[PDB]
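What follows is the content of start_8.pdb, which has PDB, C-alpha atoms:
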```pdb
ATOM      1  CA  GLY A   1      84.562  93.885 106.858
ATOM      2  CA  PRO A   2      85.308  96.460 109.635
ATOM      3  CA  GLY A   3      86.124  93.678 112.215
ATOM      4  CA  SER A   4      89.215  92.719 110.069
ATOM      5  CA  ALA A   5      90.899  96.181 110.415
ATOM      6  CA  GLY A   6      94.571  96.338 111.577
ATOM      7  CA  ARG A   7      98.230  96.209 110.367
ATOM      8  CA  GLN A   8      97.218  94.170 107.255
ATOM      9  CA  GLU A   9      95.983  97.538 105.813
ATOM     10  CA  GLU A  10      99.187  99.445 106.829
ATOM     11  CA  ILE A  11     101.410  96.750 105.205
ATOM     12  CA  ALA A  12      99.172  96.940 102.059
ATOM     13  CA  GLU A  13      99.474 100.791 101.926
ATOM     14  CA  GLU A  14     103.314 100.577 102.295
ATOM     15  CA  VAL A  15     103.441  97.932  99.484
ATOM     16  CA  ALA A  16     101.219 100.223  97.330
ATOM     17  CA  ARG A  17     103.646 103.161  98.018
ATOM     18  CA  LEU A  18     106.899 101.225  97.360
ATOM     19  CA  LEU A  19     105.649  99.315  94.230
ATOM     20  CA  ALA A  20     104.605 102.449  92.296
ATOM     21  CA  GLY A  21     108.307 103.591  92.314
ATOM     22  CA  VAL A  22     109.419 100.271  90.634
ATOM     23  CA  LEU A  23     106.713 100.667  87.919
ATOM     24  CA  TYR A  24     107.833 104.341  87.328
ATOM     25  CA  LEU A  25     104.280 105.418  88.371
ATOM     26  CA  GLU A  26     102.823 107.315  91.416
ATOM     27  CA  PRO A  27     100.665 105.936  94.341
ATOM     28  CA  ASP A  28      97.942 108.473  93.275
ATOM     29  CA  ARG A  29      97.663 106.530  89.915
ATOM     30  CA  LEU A  30      97.843 102.990  91.440
ATOM     31  CA  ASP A  31      94.899 101.251  93.204
ATOM     32  CA  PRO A  32      95.533  98.351  95.712
ATOM     33  CA  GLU A  33      92.427  96.310  94.605
ATOM     34  CA  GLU A  34      93.590  96.241  90.911
ATOM     35  CA  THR A  35      95.881  93.477  89.513
ATOM     36  CA  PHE A  36      99.671  93.530  88.938
ATOM     37  CA  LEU A  37      98.855  93.056  85.188
ATOM     38  CA  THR A  38      96.793  96.322  84.897
ATOM     39  CA  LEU A  39      99.280  98.154  87.219
ATOM     40  CA  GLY A  40     101.954  97.336  84.519
ATOM     41  CA  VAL A  41     104.091  94.625  86.293
ATOM     42  CA  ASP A  42     106.207  92.103  84.345
ATOM     43  CA  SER A  43     108.622  89.449  85.804
ATOM     44  CA  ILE A  44     111.687  91.819  85.980
ATOM     45  CA  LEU A  45     109.642  94.585  87.754
ATOM     46  CA  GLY A  46     108.265  91.821  90.065
ATOM     47  CA  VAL A  47     111.828  90.706  91.096
ATOM     48  CA  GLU A  48     112.895  94.391  91.603
ATOM     49  CA  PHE A  49     109.862  95.160  93.859
ATOM     50  CA  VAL A  50     110.404  91.893  95.843
ATOM     51  CA  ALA A  51     114.077  92.832  96.467
ATOM     52  CA  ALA A  52     112.828  96.218  97.885
ATOM     53  CA  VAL A  53     110.099  94.453 100.005
ATOM     54  CA  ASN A  54     112.697  92.113 101.630
ATOM     55  CA  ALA A  55     114.637  95.266 102.779
ATOM     56  CA  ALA A  56     111.421  96.729 104.407
ATOM     57  CA  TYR A  57     109.952  93.398 105.753
ATOM     58  CA  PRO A  58     112.128  90.376 106.890
ATOM     59  CA  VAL A  59     109.767  87.746 105.284
ATOM     60  CA  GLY A  60     112.340  86.129 102.900
ATOM     61  CA  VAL A  61     109.669  86.115 100.104
ATOM     62  CA  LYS A  62     110.541  84.984  96.528
ATOM     63  CA  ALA A  63     109.444  86.421  93.140
ATOM     64  CA  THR A  64     106.986  83.434  92.830
ATOM     65  CA  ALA A  65     104.646  85.395  95.204
ATOM     66  CA  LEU A  66     104.189  87.983  92.331
ATOM     67  CA  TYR A  67     102.911  85.040  90.192
ATOM     68  CA  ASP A  68     100.869  83.364  93.032
ATOM     69  CA  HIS A  69      99.087  86.599  94.202
ATOM     70  CA  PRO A  70      97.086  88.690  91.619
ATOM     71  CA  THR A  71      97.104  92.058  93.546
ATOM     72  CA  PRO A  72      99.403  94.143  95.849
ATOM     73  CA  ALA A  73      96.710  93.667  98.573
ATOM     74  CA  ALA A  74      96.797  89.818  98.287
ATOM     75  CA  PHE A  75     100.644  89.908  98.320
ATOM     76  CA  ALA A  76     100.587  92.264 101.380
ATOM     77  CA  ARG A  77      98.205  89.816 103.220
ATOM     78  CA  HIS A  78     100.945  87.129 102.789
ATOM     79  CA  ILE A  79     103.542  89.548 104.345
ATOM     80  CA  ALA A  80     101.075  90.431 107.155
ATOM     81  CA  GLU A  81     100.401  86.706 107.937
ATOM     82  CA  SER A  82     104.231  86.117 107.943
ATOM     83  CA  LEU A  83     104.687  88.977 110.519
ATOM     84  CA  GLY A  84     101.423  88.006 112.379
ATOM     85  CA  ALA A  85      99.711  91.460 111.848
TER      86      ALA A  85
END
```
Using structure tokens, write down the structure that the file contains.
Amino acid sequence: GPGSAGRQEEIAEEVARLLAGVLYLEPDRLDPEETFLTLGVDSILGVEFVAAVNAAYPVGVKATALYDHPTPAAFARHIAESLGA
């Protein structure tokens, strides 16, 4: 709830902005609570987005995180716990 507010949300909004450009979509069409499957991700688009994430955030995260997390918000919570929010 509201007591959990912070940089976890800013990292999730930046992920939601940068992903939509790999899927050839717009961030006005994407929602951060919806899954990578309904957003139109497949394994190649996963690897391409993860290569762009590792240039914006020094986490060292692999394309297995796009299989292990269902949503851009769940994936961004991993980044935010790696940076310490």
Minimum-distance residue to residue A:64, chosen among A:82, A:35, A:43, A:4 (using only C-alpha atoms):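 Using only C-alpha atoms, the shortest distance to residue A:64 belongs to A:43.
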field: Selection under test: the PyMOL selection byres ((chain A and resi 7) around 10); residues as a VMD selection string
entry: chain A and resid 4 to 6 8 to 13 77 80 83 to 85
task: Could you tell me how far atom CA of residue A:26 lies from atom CA of residue A:40, in Å and to one decimal?
output: 12.2 Å
query: Please, what distance in Å, to one decimal, runs between atom CA of residue A:76 and atom CA of residue A:24?
result: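 For atom CA of residue A:76 relative to atom CA of residue A:24, the distance reads 19.9 Å.
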Starting from the PyMOL selection byres ((chain A and resi 66) around 10), expand the selection into actual residues of this file and give them as a JSON list (two decimals) with C-alpha atoms, in the frame of the given file.
```
[["chain", "number", "residue", "atom", "x", "y", "z"],
["A", 36, "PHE", "CA", 99.67, 93.53, 88.94],
["A", 41, "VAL", "CA", 104.09, 94.62, 86.29],
["A", 42, "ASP", "CA", 106.21, 92.10, 84.34],
["A", 43, "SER", "CA", 108.62, 89.45, 85.80],
["A", 45, "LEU", "CA", 109.64, 94.58, 87.75],
["A", 46, "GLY", "CA", 108.26, 91.82, 90.06],
["A", 47, "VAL", "CA", 111.83, 90.71, 91.10],
["A", 49, "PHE", "CA", 109.86, 95.16, 93.86],
["A", 50, "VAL", "CA", 110.40, 91.89, 95.84],
["A", 61, "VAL", "CA", 109.67, 86.12, 100.10],
["A", 62, "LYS", "CA", 110.54, 84.98, 96.53],
["A", 63, "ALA", "CA", 109.44, 86.42, 93.14],
["A", 64, "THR", "CA", 106.99, 83.43, 92.83],
["A", 65, "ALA", "CA", 104.65, 85.40, 95.20],
["A", 67, "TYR", "CA", 102.91, 85.04, 90.19],
["A", 68, "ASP", "CA", 100.87, 83.36, 93.03],
["A", 69, "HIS", "CA", 99.09, 86.60, 94.20],
["A", 70, "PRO", "CA", 97.09, 88.69, 91.62],
["A", 71, "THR", "CA", 97.10, 92.06, 93.55],
["A", 72, "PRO", "CA", 99.40, 94.14, 95.85],
["A", 74, "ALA", "CA", 96.80, 89.82, 98.29],
["A", 75, "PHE", "CA", 100.64, 89.91, 98.32]]
```
Each side padded by 8 Å, which centre and which edge lengths in Å (one decimal) define the axis-aligned box around the listed atoms of stretch 1-6 of chain A? Give them as AutoDock Vina command-line options.
```
--center_x 89.6 --center_y 94.6 --center_z 109.5 --size_x 26.0 --size_y 19.7 --size_z 21.4
```
